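Asker: Structure: final17.tsv, TSV, C-alpha atoms.
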chain	number	residue	atom	x	y	z
A	507	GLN	CA	-7.55	-0.50	-15.00
A	508	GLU	CA	-5.68	0.67	-11.89
A	509	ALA	CA	-8.95	2.34	-10.88
A	510	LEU	CA	-11.18	-0.74	-11.09
A	511	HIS	CA	-8.75	-3.31	-9.71
A	512	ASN	CA	-8.16	-1.61	-6.34
A	513	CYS	CA	-10.34	1.00	-4.65
A	514	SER	CA	-9.85	0.09	-0.99
A	515	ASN	CA	-6.44	1.50	-0.16
A	516	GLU	CA	-4.59	4.78	0.39
A	517	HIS	CA	-3.60	4.97	-3.29
A	518	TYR	CA	-7.18	5.28	-4.57
A	519	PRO	CA	-7.66	9.11	-4.13
A	520	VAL	CA	-4.16	9.75	-5.51
A	521	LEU	CA	-4.56	7.58	-8.61
A	522	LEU	CA	-8.09	8.94	-9.09
A	523	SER	CA	-6.72	12.49	-8.98
A	524	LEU	CA	-4.13	11.45	-11.57
A	525	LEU	CA	-6.64	9.87	-13.97
A	526	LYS	CA	-9.33	12.54	-13.50
A	527	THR	CA	-7.14	15.20	-15.09
A	528	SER	CA	-5.41	12.66	-17.35
A	529	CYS	CA	-8.75	12.11	-19.14
A	530	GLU	CA	-9.60	15.82	-19.41
A	531	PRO	CA	-8.04	16.39	-22.91
A	532	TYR	CA	-9.74	13.29	-24.34
A	533	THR	CA	-13.12	14.52	-23.09
A	534	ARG	CA	-12.30	18.02	-24.38
A	535	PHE	CA	-11.65	16.48	-27.81
A	536	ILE	CA	-14.91	14.51	-27.72
A	537	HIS	CA	-16.88	17.62	-26.61
A	538	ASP	CA	-16.11	19.23	-30.02
A	539	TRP	CA	-17.34	16.48	-32.38
A	540	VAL	CA	-20.64	16.08	-30.47
A	541	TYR	CA	-21.45	19.77	-29.98
A	542	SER	CA	-20.08	21.32	-33.19
A	543	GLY	CA	-19.04	18.34	-35.29
A	544	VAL	CA	-15.45	19.59	-35.51
A	545	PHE	CA	-12.90	16.76	-35.37
A	546	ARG	CA	-9.44	17.39	-33.90
A	547	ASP	CA	-6.46	15.03	-34.06
A	548	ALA	CA	-2.70	15.35	-34.30
A	549	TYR	CA	-1.79	12.33	-32.17
A	550	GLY	CA	-3.33	9.16	-33.60
A	551	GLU	CA	-5.29	8.33	-30.45
A	552	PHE	CA	-8.35	7.98	-32.70
A	553	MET	CA	-9.16	5.46	-35.40
A	554	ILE	CA	-11.82	7.87	-36.66
A	555	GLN	CA	-10.93	10.24	-39.50
A	556	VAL	CA	-12.99	12.78	-41.41
A	566	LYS	CA	-17.95	5.76	-52.06
A	567	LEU	CA	-20.90	8.05	-51.56
A	568	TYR	CA	-20.21	8.97	-47.93
A	569	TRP	CA	-17.35	6.67	-47.03
A	570	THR	CA	-14.16	8.49	-46.07
A	571	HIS	CA	-15.07	8.23	-42.39
A	572	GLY	CA	-12.59	5.68	-41.05
A	573	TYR	CA	-12.33	3.28	-38.14
A	574	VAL	CA	-9.12	1.57	-39.31
A	586	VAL	CA	-9.85	4.70	-23.17
A	587	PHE	CA	-13.42	4.44	-21.92
A	588	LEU	CA	-15.94	1.62	-22.27
A	589	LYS	CA	-17.24	0.60	-25.70
A	590	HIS	CA	-20.88	1.12	-24.60
A	591	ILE	CA	-20.88	4.83	-25.58
A	592	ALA	CA	-18.15	4.79	-28.29
A	593	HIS	CA	-20.29	3.67	-31.25
A	594	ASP	CA	-22.99	6.17	-30.25
A	595	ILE	CA	-20.29	8.87	-30.41
A	596	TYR	CA	-19.25	7.47	-33.81
A	597	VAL	CA	-22.74	7.95	-35.25
A	598	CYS	CA	-23.51	11.26	-33.45
A	599	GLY	CA	-20.52	12.88	-35.12
A	600	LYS	CA	-21.53	11.88	-38.65
A	601	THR	CA	-25.07	13.14	-37.98
A	602	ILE	CA	-23.71	16.66	-37.36
A	603	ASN	CA	-21.38	16.38	-40.37
A	604	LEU	CA	-24.53	15.87	-42.41
A	605	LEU	CA	-26.22	18.74	-40.53
A	606	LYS	CA	-23.28	21.00	-41.41
A	607	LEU	CA	-24.62	20.85	-44.98
B	1474	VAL	CA	-15.35	1.50	-8.01
B	1475	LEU	CA	-15.07	3.74	-11.05
B	1476	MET	CA	-17.99	4.08	-13.45
B	1477	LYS	CA	-19.86	6.81	-15.28
B	1478	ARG	CA	-23.18	7.66	-13.68
B	1479	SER	CA	-22.88	11.46	-13.61
B	1480	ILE	CA	-20.83	12.11	-16.76
B	1481	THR	CA	-22.36	9.94	-19.48
B	1482	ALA	CA	-25.90	10.89	-18.42
B	1483	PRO	CA	-25.91	14.40	-20.01
B	1484	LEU	CA	-24.33	12.88	-23.18
B	1485	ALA	CA	-26.40	9.77	-23.90
B	1486	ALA	CA	-29.50	11.91	-23.33
B	1487	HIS	CA	-28.16	14.31	-26.02
B	1488	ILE	CA	-27.35	11.68	-28.69
B	1489	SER	CA	-31.04	10.69	-29.00
B	1490	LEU	CA	-32.03	14.36	-29.42
B	1491	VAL	CA	-29.54	14.85	-32.28
B	1492	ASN	CA	-30.78	11.68	-34.02
B	1493	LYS	CA	-34.47	12.57	-33.62
B	1494	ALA	CA	-34.08	16.15	-34.85
B	1495	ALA	CA	-32.07	15.05	-37.90
B	1496	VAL	CA	-34.68	12.42	-38.83
B	1497	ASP	CA	-37.43	15.03	-38.37
B	1498	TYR	CA	-35.57	17.38	-40.74
B	1499	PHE	CA	-35.58	14.65	-43.40
B	1500	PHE	CA	-39.24	13.63	-43.12
B	1501	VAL	CA	-41.32	16.82	-43.26
B	1502	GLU	CA	-39.15	18.63	-45.81
B	1503	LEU	CA	-37.61	16.20	-48.31
B	1504	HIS	CA	-40.57	13.74	-48.19
B	1505	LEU	CA	-38.75	10.42	-48.46
B	1506	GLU	CA	-41.99	8.62	-47.63
B	1507	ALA	CA	-43.60	9.91	-50.84
B	1508	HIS	CA	-40.87	8.33	-52.98
C	1	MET	CA	23.95	1.19	25.79
C	2	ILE	CA	21.39	3.97	26.29
C	3	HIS	CA	21.07	5.44	22.80
C	4	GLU	CA	22.04	2.06	21.31
C	5	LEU	CA	19.00	0.36	22.84
C	6	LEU	CA	16.74	2.88	21.10
C	7	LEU	CA	18.69	2.46	17.86
C	8	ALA	CA	18.16	-1.32	18.07
C	9	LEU	CA	14.47	-1.17	19.09
C	10	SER	CA	13.67	1.24	16.26
C	11	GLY	CA	14.40	-1.59	13.80
C	12	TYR	CA	17.97	-0.80	12.76
C	13	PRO	CA	20.43	-3.32	14.25
C	14	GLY	CA	23.38	-1.84	16.11
C	15	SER	CA	27.03	-2.82	16.31
C	16	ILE	CA	26.45	-4.62	19.62
C	17	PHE	CA	23.14	-6.34	18.71
C	18	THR	CA	24.32	-8.93	16.20
C	19	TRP	CA	21.52	-9.50	13.71
C	20	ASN	CA	20.71	-13.16	13.08
C	21	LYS	CA	17.70	-15.17	11.91
C	22	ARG	CA	18.26	-18.01	14.38
C	23	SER	CA	18.80	-15.86	17.49
C	24	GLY	CA	17.17	-12.58	16.40
C	25	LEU	CA	18.75	-9.68	18.23
C	26	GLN	CA	21.43	-10.78	20.66
C	27	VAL	CA	24.15	-8.95	22.56
C	28	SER	CA	27.77	-10.08	22.20
C	29	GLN	CA	27.98	-10.58	26.02
C	30	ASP	CA	31.71	-11.26	26.10
C	31	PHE	CA	33.09	-7.87	27.15
C	32	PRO	CA	35.92	-7.87	29.74
C	33	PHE	CA	33.73	-5.63	31.93
C	34	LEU	CA	30.46	-7.56	31.66
C	35	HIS	CA	28.05	-7.50	34.56
C	36	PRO	CA	25.90	-10.59	35.28
C	37	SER	CA	22.91	-8.39	36.15
C	38	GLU	CA	22.58	-6.67	32.74
C	39	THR	CA	22.34	-10.00	30.88
C	40	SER	CA	18.77	-10.98	31.79
C	41	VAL	CA	17.18	-7.57	31.17
C	42	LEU	CA	18.88	-7.40	27.76
C	43	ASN	CA	17.74	-10.96	26.92
C	44	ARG	CA	14.22	-9.86	27.76
C	45	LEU	CA	14.40	-6.66	25.70
C	46	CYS	CA	15.76	-8.15	22.44
C	47	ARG	CA	12.60	-10.11	21.53
C	48	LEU	CA	10.29	-7.14	20.93
C	49	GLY	CA	12.67	-5.48	18.47
C	50	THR	CA	13.08	-8.85	16.73
C	51	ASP	CA	9.29	-9.10	16.32
C	52	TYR	CA	8.99	-5.46	15.17
C	53	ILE	CA	11.49	-6.10	12.35
C	54	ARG	CA	9.45	-9.02	10.99
C	55	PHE	CA	6.18	-7.07	11.30
C	56	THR	CA	7.46	-4.06	9.33
C	57	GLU	CA	9.14	-6.35	6.78
C	58	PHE	CA	5.86	-8.27	6.30
C	59	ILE	CA	3.81	-5.08	5.83
C	60	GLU	CA	6.32	-3.58	3.38
C	61	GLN	CA	6.72	-6.92	1.59
C	62	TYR	CA	3.05	-7.53	0.87
C	63	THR	CA	1.33	-4.10	0.72
C	64	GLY	CA	2.13	-1.54	-1.98
C	65	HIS	CA	4.62	-3.38	-4.16
C	66	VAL	CA	2.51	-4.53	-7.12
C	67	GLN	CA	0.42	-2.89	-9.82
C	68	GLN	CA	-1.58	-6.05	-10.74
C	69	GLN	CA	1.01	-8.12	-12.66
C	76	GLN	CA	-2.32	-18.01	-9.87
C	77	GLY	CA	-2.70	-15.56	-7.00
C	78	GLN	CA	-3.00	-16.60	-3.37
C	79	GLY	CA	-5.16	-15.15	-0.60
C	80	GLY	CA	-2.66	-15.72	2.21
C	81	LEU	CA	0.22	-14.09	0.37
C	82	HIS	CA	-1.65	-11.50	-1.74
C	83	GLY	CA	-5.23	-10.32	-2.15
C	84	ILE	CA	-7.21	-7.60	-0.47
C	85	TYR	CA	-7.91	-9.32	2.85
C	86	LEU	CA	-4.21	-9.75	3.64
C	87	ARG	CA	-3.65	-6.14	2.56
C	88	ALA	CA	-6.39	-5.01	4.98
C	89	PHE	CA	-4.68	-7.13	7.65
C	90	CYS	CA	-1.38	-5.29	7.08
C	91	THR	CA	-3.08	-1.86	7.01
C	92	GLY	CA	-4.62	-2.56	10.41
C	93	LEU	CA	-1.31	-4.06	11.60
C	94	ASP	CA	0.79	-0.93	11.07
C	95	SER	CA	-1.65	1.30	12.95
C	96	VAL	CA	-1.77	-1.14	15.87
D	192	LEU	CA	-26.83	-2.69	-5.43
D	193	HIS	CA	-25.52	-3.25	-8.96
D	194	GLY	CA	-24.04	-6.71	-9.44
D	195	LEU	CA	-20.47	-5.60	-10.05
D	196	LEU	CA	-17.53	-7.39	-8.47
D	197	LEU	CA	-14.03	-5.96	-8.34
D	198	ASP	CA	-12.16	-8.73	-6.48
D	199	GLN	CA	-9.65	-10.52	-8.69
D	200	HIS	CA	-8.15	-13.87	-7.50
D	201	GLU	CA	-10.14	-13.47	-4.24
D	202	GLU	CA	-13.64	-14.34	-3.05
D	203	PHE	CA	-16.25	-12.56	-0.95
D	204	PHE	CA	-18.27	-15.64	0.22
D	205	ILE	CA	-20.15	-15.33	-3.12
D	206	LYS	CA	-18.64	-16.66	-6.36
D	253	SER	CA	-28.41	-15.11	-14.35
D	254	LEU	CA	-28.66	-17.51	-11.39
D	255	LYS	CA	-25.28	-18.95	-12.45
D	256	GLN	CA	-21.53	-18.08	-12.06
D	257	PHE	CA	-22.41	-16.92	-8.50
D	258	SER	CA	-23.00	-19.32	-5.61
D	259	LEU	CA	-22.85	-19.63	-1.84
D	260	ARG	CA	-20.53	-22.33	-0.48
D	261	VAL	CA	-20.22	-23.41	3.14
D	262	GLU	CA	-16.42	-23.28	3.41
D	263	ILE	CA	-15.91	-19.70	2.20
D	264	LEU	CA	-18.68	-18.25	4.38
D	265	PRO	CA	-17.69	-17.13	7.91
D	266	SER	CA	-19.10	-19.20	10.76
D	267	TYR	CA	-20.39	-16.07	12.53
D	268	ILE	CA	-22.32	-14.99	9.43
D	269	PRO	CA	-25.24	-17.45	9.13
D	270	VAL	CA	-26.77	-18.95	6.01
D	271	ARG	CA	-30.10	-17.11	6.27
D	272	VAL	CA	-28.67	-13.63	5.65
D	273	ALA	CA	-26.48	-14.90	2.80
D	274	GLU	CA	-29.58	-16.23	1.00
D	275	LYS	CA	-31.15	-12.74	1.09
D	276	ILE	CA	-27.92	-11.09	-0.12
D	277	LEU	CA	-27.70	-13.61	-2.98
D	278	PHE	CA	-31.33	-13.06	-4.03
D	279	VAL	CA	-31.01	-9.25	-3.92
D	280	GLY	CA	-27.86	-9.27	-6.05
D	281	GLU	CA	-29.32	-11.67	-8.62
D	282	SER	CA	-32.55	-9.66	-8.93
D	283	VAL	CA	-30.86	-6.29	-9.37
D	284	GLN	CA	-28.42	-7.84	-11.89
D	285	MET	CA	-31.33	-9.32	-13.83
D	286	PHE	CA	-33.35	-6.16	-14.30
Could I get this file's structure written as C-alpha cells?

Answerer:
Amino acid sequence: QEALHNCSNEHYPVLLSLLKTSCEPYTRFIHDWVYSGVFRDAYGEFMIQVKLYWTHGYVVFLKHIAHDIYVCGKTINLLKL
Amino acid sequence: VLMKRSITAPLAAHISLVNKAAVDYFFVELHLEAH
Amino acid sequence: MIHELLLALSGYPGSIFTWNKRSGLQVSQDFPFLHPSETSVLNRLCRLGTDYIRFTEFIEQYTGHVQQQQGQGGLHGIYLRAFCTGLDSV
Amino acid sequence: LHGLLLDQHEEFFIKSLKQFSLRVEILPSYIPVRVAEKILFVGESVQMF
C-alpha cells in the first residue's frame, strides 16, 4: 500500500525497487503450483494446503487472480493422476 | 501507480488453457455425457 | 564576524546572533567596541537567514515524515508536498 | 485512461455517472468548464466499458 498511496515523489523508485525484489519469492512459490502443481510452504504465508477430494484447505496481491490460482493448482493435482 | 498489466497477462491466459485441456481430457475419453 | 556571518546564514545560529522567534536573528550590539556603521548592514542581513530557517523547517516538517498514518490539504496532501519540493530547489 | 484515482484526503477538481462530479469551487479559474466536461465524459466512458 506504500506503492499505491504515493507515486509522485523521490521515494517512489526506491520503494518500488524494494517491493519488486520483496515479491520475488512469493512469485517463485506461485510459479511452481501453476506450472508443475508442486506446493511449497514452510512459513504459513498461505492458507492453502495440500471427503472425496477435500483436504485442500483455505482456513499480498489483489484477490482478482487468487481464486483462479486456487483452482488452477487443483486442476494439475488431478492431472498428476 | 502500481498495477499488473505485464505480469498477470501471461498467467491469466494460461489458466484458461489448463482448464480447457483438462475438460477435453474428461469428455472424449471417459464419456461423462453418455452416463 | 566574517566566518560567523556564513555560519549564521547557513541556518545554524551563532553565539553572537541570538536566536529568537520575536526578533529572528539579531546581534547583541552592546560590545564596548561597537561601531555605529556596522549596525545597519547587520540589521539588513539578519532577515534572509531568518526566512531561510523557516523555509527549511517547513519543508522538513511537512515532506517525508509520514507513511500514511481527517487530513488537510494546506497542512498535508500531495499539492503542499509538490509546493515544498519546488520550494527547496528554488 | 483507466478510471483509477490514487489521491487520498485530497481532490483533483473531480470527486457509473455517480461518486464523481465537477464543482465550481475546486476547479481552477484558469481551467474553464468546457474542458472539464470532456475530461469527465472520457473518464466515465472508459470506466464504464

Asker: Kindly provide, as a list in words, the residues of chain C having any atom no farther than 12 Å from an atom of chain A, counting all atoms listed in the file.

Answerer: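 Going by the stated atoms only, the list reads residues 63, 64, 65, 66, 67, 68, 69, 83, 84, 85, 87, 88, 89, 90, 91 and 92 of chain C.
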
Asker: How would the residues just picked look written out with C-alpha atoms as an mmCIF file, in the coordinates of the input?

Answerer:
data_model
loop_
_atom_site.group_PDB
_atom_site.id
_atom_site.type_symbol
_atom_site.label_atom_id
_atom_site.label_comp_id
_atom_site.auth_asym_id
_atom_site.auth_seq_id
_atom_site.Cartn_x
_atom_site.Cartn_y
_atom_site.Cartn_z
ATOM 1 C CA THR C 63 1.330 -4.100 0.720
ATOM 2 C CA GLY C 64 2.130 -1.540 -1.980
ATOM 3 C CA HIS C 65 4.620 -3.380 -4.160
ATOM 4 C CA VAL C 66 2.510 -4.530 -7.120
ATOM 5 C CA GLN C 67 0.420 -2.890 -9.820
ATOM 6 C CA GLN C 68 -1.580 -6.050 -10.740
ATOM 7 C CA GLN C 69 1.010 -8.120 -12.660
ATOM 8 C CA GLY C 83 -5.230 -10.320 -2.150
ATOM 9 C CA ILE C 84 -7.210 -7.600 -0.470
ATOM 10 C CA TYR C 85 -7.910 -9.320 2.850
ATOM 11 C CA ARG C 87 -3.650 -6.140 2.560
ATOM 12 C CA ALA C 88 -6.390 -5.010 4.980
ATOM 13 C CA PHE C 89 -4.680 -7.130 7.650
ATOM 14 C CA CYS C 90 -1.380 -5.290 7.080
ATOM 15 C CA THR C 91 -3.080 -1.860 7.010
ATOM 16 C CA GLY C 92 -4.620 -2.560 10.410
#

Asker: Give the answer as one residue: which of C:82, C:21, C:3, C:35 has the shortest atom-to-atom distance to residue C:51, using all atoms listed in the file?

Answerer: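 So, comparing all the options, the nearest one is C:21.
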
Asker: Please identify all residues of chain A having at least one atom at most 7 Å from any atom of chain B, considering all atoms listed in the file, and return them as a PDB file with C-alpha atoms, in the coordinates of the input.

Answerer:
ATOM      1  CA  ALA A 509      -8.950   2.340 -10.880  1.00  0.00           C
ATOM      2  CA  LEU A 510     -11.180  -0.740 -11.090  1.00  0.00           C
ATOM      3  CA  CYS A 513     -10.340   1.000  -4.650  1.00  0.00           C
ATOM      4  CA  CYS A 598     -23.510  11.260 -33.450  1.00  0.00           C
TER       5      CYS A 598
END

Asker: Just give me the gap between atom CA of residue C:2 and atom CA of residue C:16 in Å, one decimal is fine.

Answerer: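 Interatomic distance, atom CA of residue C:2 to atom CA of residue C:16: 12.0 Å.
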
Asker: Identify, on the basis of all atoms listed in the file, every residue whose closest approach to stretch 272-282 of chain D does not exceed 9 Å; exclude the query and any residue fewer than 4 positions from it along the same chain; express the result as a PyMOL selection string.

Answerer: chain D and resi 192-194+204-205+253-254+257-259+264+268+286

Asker: Atom CA of residue C:15 to atom CA of residue C:28: how many Å, to one decimal?

Answerer: 9.4 Å

Asker: Residues of chain D were defined as contacting chain C if any atom lay at most 9 Å from it, counting all atoms listed in the file; please report them as a VMD selection string.

Answerer: chain D and resid 198 to 202

Asker: If I only have part of chain B, can you fill in N, CA and C atoms and write it as a PDB file, in the coordinates of the input?

Answerer:
ATOM      1  N   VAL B1474     -14.690   1.671  -6.728  1.00  0.00           N
ATOM      2  CA  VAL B1474     -15.350   1.500  -8.010  1.00  0.00           C
ATOM      3  C   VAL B1474     -15.203   2.774  -8.838  1.00  0.00           C
ATOM      4  N   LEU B1475     -14.976   2.616 -10.139  1.00  0.00           N
ATOM      5  CA  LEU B1475     -15.070   3.740 -11.050  1.00  0.00           C
ATOM      6  C   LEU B1475     -16.043   3.363 -12.157  1.00  0.00           C
ATOM      7  N   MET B1476     -17.039   4.215 -12.358  1.00  0.00           N
ATOM      8  CA  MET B1476     -17.990   4.080 -13.450  1.00  0.00           C
ATOM      9  C   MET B1476     -18.594   5.445 -13.718  1.00  0.00           C
ATOM     10  N   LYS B1477     -19.192   5.578 -14.893  1.00  0.00           N
ATOM     11  CA  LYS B1477     -19.860   6.810 -15.280  1.00  0.00           C
ATOM     12  C   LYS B1477     -21.335   6.723 -14.928  1.00  0.00           C
ATOM     13  N   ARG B1478     -21.761   7.567 -13.992  1.00  0.00           N
ATOM     14  CA  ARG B1478     -23.180   7.660 -13.680  1.00  0.00           C
ATOM     15  C   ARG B1478     -23.567   9.124 -13.487  1.00  0.00           C
ATOM     16  N   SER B1479     -22.615  10.029 -13.714  1.00  0.00           N
ATOM     17  CA  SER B1479     -22.880  11.460 -13.610  1.00  0.00           C
ATOM     18  C   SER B1479     -22.293  12.197 -14.805  1.00  0.00           C
ATOM     19  N   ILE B1480     -21.484  11.506 -15.603  1.00  0.00           N
ATOM     20  CA  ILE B1480     -20.830  12.110 -16.760  1.00  0.00           C
ATOM     21  C   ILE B1480     -21.497  11.695 -18.059  1.00  0.00           C
ATOM     22  N   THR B1481     -21.769  10.399 -18.234  1.00  0.00           N
ATOM     23  CA  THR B1481     -22.360   9.940 -19.480  1.00  0.00           C
ATOM     24  C   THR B1481     -23.851  10.252 -19.562  1.00  0.00           C
ATOM     25  N   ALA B1482     -24.470  10.625 -18.444  1.00  0.00           N
ATOM     26  CA  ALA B1482     -25.900  10.890 -18.420  1.00  0.00           C
ATOM     27  C   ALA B1482     -26.323  12.186 -19.122  1.00  0.00           C
ATOM     28  N   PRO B1483     -25.568  13.298 -19.088  1.00  0.00           N
ATOM     29  CA  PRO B1483     -25.910  14.400 -20.010  1.00  0.00           C
ATOM     30  C   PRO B1483     -25.384  14.238 -21.437  1.00  0.00           C
ATOM     31  N   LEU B1484     -24.785  13.107 -21.808  1.00  0.00           N
ATOM     32  CA  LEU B1484     -24.330  12.880 -23.180  1.00  0.00           C
ATOM     33  C   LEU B1484     -25.205  11.897 -23.935  1.00  0.00           C
ATOM     34  N   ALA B1485     -25.513  10.761 -23.300  1.00  0.00           N
ATOM     35  CA  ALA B1485     -26.400   9.770 -23.900  1.00  0.00           C
ATOM     36  C   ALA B1485     -27.818  10.302 -24.035  1.00  0.00           C
ATOM     37  N   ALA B1486     -28.215  11.237 -23.167  1.00  0.00           N
ATOM     38  CA  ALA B1486     -29.500  11.910 -23.330  1.00  0.00           C
ATOM     39  C   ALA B1486     -29.488  12.897 -24.495  1.00  0.00           C
ATOM     40  N   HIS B1487     -28.309  13.348 -24.928  1.00  0.00           N
ATOM     41  CA  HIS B1487     -28.160  14.310 -26.020  1.00  0.00           C
ATOM     42  C   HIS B1487     -28.077  13.641 -27.388  1.00  0.00           C
ATOM     43  N   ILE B1488     -27.503  12.431 -27.435  1.00  0.00           N
ATOM     44  CA  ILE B1488     -27.350  11.680 -28.690  1.00  0.00           C
ATOM     45  C   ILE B1488     -28.714  11.395 -29.331  1.00  0.00           C
ATOM     46  N   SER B1489     -29.692  10.981 -28.514  1.00  0.00           N
ATOM     47  CA  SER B1489     -31.040  10.690 -29.000  1.00  0.00           C
ATOM     48  C   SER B1489     -31.720  11.938 -29.560  1.00  0.00           C
ATOM     49  N   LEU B1490     -31.477  13.097 -28.941  1.00  0.00           N
ATOM     50  CA  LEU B1490     -32.030  14.360 -29.420  1.00  0.00           C
ATOM     51  C   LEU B1490     -31.473  14.749 -30.782  1.00  0.00           C
ATOM     52  N   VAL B1491     -30.156  14.580 -30.975  1.00  0.00           N
ATOM     53  CA  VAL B1491     -29.540  14.850 -32.280  1.00  0.00           C
ATOM     54  C   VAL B1491     -30.128  13.946 -33.360  1.00  0.00           C
ATOM     55  N   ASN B1492     -30.242  12.643 -33.057  1.00  0.00           N
ATOM     56  CA  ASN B1492     -30.780  11.680 -34.020  1.00  0.00           C
ATOM     57  C   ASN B1492     -32.226  12.000 -34.391  1.00  0.00           C
ATOM     58  N   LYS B1493     -33.049  12.321 -33.384  1.00  0.00           N
ATOM     59  CA  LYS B1493     -34.470  12.570 -33.620  1.00  0.00           C
ATOM     60  C   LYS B1493     -34.695  13.845 -34.415  1.00  0.00           C
ATOM     61  N   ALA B1494     -33.953  14.914 -34.093  1.00  0.00           N
ATOM     62  CA  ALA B1494     -34.080  16.150 -34.850  1.00  0.00           C
ATOM     63  C   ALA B1494     -33.597  16.019 -36.286  1.00  0.00           C
ATOM     64  N   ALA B1495     -32.541  15.233 -36.526  1.00  0.00           N
ATOM     65  CA  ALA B1495     -32.070  15.050 -37.900  1.00  0.00           C
ATOM     66  C   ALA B1495     -33.050  14.224 -38.727  1.00  0.00           C
ATOM     67  N   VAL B1496     -33.683  13.216 -38.117  1.00  0.00           N
ATOM     68  CA  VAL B1496     -34.680  12.420 -38.830  1.00  0.00           C
ATOM     69  C   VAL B1496     -35.921  13.264 -39.142  1.00  0.00           C
ATOM     70  N   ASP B1497     -36.317  14.110 -38.178  1.00  0.00           N
ATOM     71  CA  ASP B1497     -37.430  15.030 -38.370  1.00  0.00           C
ATOM     72  C   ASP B1497     -37.161  16.022 -39.501  1.00  0.00           C
ATOM     73  N   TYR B1498     -35.910  16.488 -39.628  1.00  0.00           N
ATOM     74  CA  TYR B1498     -35.570  17.380 -40.740  1.00  0.00           C
ATOM     75  C   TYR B1498     -35.705  16.687 -42.086  1.00  0.00           C
ATOM     76  N   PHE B1499     -35.410  15.385 -42.149  1.00  0.00           N
ATOM     77  CA  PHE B1499     -35.580  14.650 -43.400  1.00  0.00           C
ATOM     78  C   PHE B1499     -37.047  14.529 -43.780  1.00  0.00           C
ATOM     79  N   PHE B1500     -37.882  14.104 -42.819  1.00  0.00           N
ATOM     80  CA  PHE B1500     -39.240  13.630 -43.120  1.00  0.00           C
ATOM     81  C   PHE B1500     -40.124  14.738 -43.688  1.00  0.00           C
ATOM     82  N   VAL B1501     -40.325  15.810 -42.921  1.00  0.00           N
ATOM     83  CA  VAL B1501     -41.320  16.820 -43.260  1.00  0.00           C
ATOM     84  C   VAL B1501     -40.896  17.766 -44.366  1.00  0.00           C
ATOM     85  N   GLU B1502     -39.660  17.674 -44.839  1.00  0.00           N
ATOM     86  CA  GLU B1502     -39.150  18.630 -45.810  1.00  0.00           C
ATOM     87  C   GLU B1502     -38.704  17.996 -47.119  1.00  0.00           C
ATOM     88  N   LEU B1503     -38.042  16.839 -47.081  1.00  0.00           N
ATOM     89  CA  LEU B1503     -37.610  16.200 -48.310  1.00  0.00           C
ATOM     90  C   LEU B1503     -38.574  15.125 -48.784  1.00  0.00           C
ATOM     91  N   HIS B1504     -39.455  14.659 -47.896  1.00  0.00           N
ATOM     92  CA  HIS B1504     -40.570  13.740 -48.190  1.00  0.00           C
ATOM     93  C   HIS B1504     -40.077  12.441 -48.819  1.00  0.00           C
ATOM     94  N   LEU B1505     -39.255  11.729 -48.044  1.00  0.00           N
ATOM     95  CA  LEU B1505     -38.750  10.420 -48.460  1.00  0.00           C
ATOM     96  C   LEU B1505     -39.870   9.401 -48.532  1.00  0.00           C
ATOM     97  N   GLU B1506     -40.900   9.576 -47.704  1.00  0.00           N
ATOM     98  CA  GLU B1506     -41.990   8.620 -47.630  1.00  0.00           C
ATOM     99  C   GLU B1506     -42.908   8.704 -48.842  1.00  0.00           C
ATOM    100  N   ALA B1507     -42.838   9.799 -49.603  1.00  0.00           N
ATOM    101  CA  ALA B1507     -43.600   9.910 -50.840  1.00  0.00           C
ATOM    102  C   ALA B1507     -42.928   9.148 -51.976  1.00  0.00           C
ATOM    103  N   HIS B1508     -41.596   9.056 -51.942  1.00  0.00           N
ATOM    104  CA  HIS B1508     -40.870   8.330 -52.980  1.00  0.00           C
ATOM    105  C   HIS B1508     -41.122   6.831 -52.893  1.00  0.00           C
TER     106      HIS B1508
END
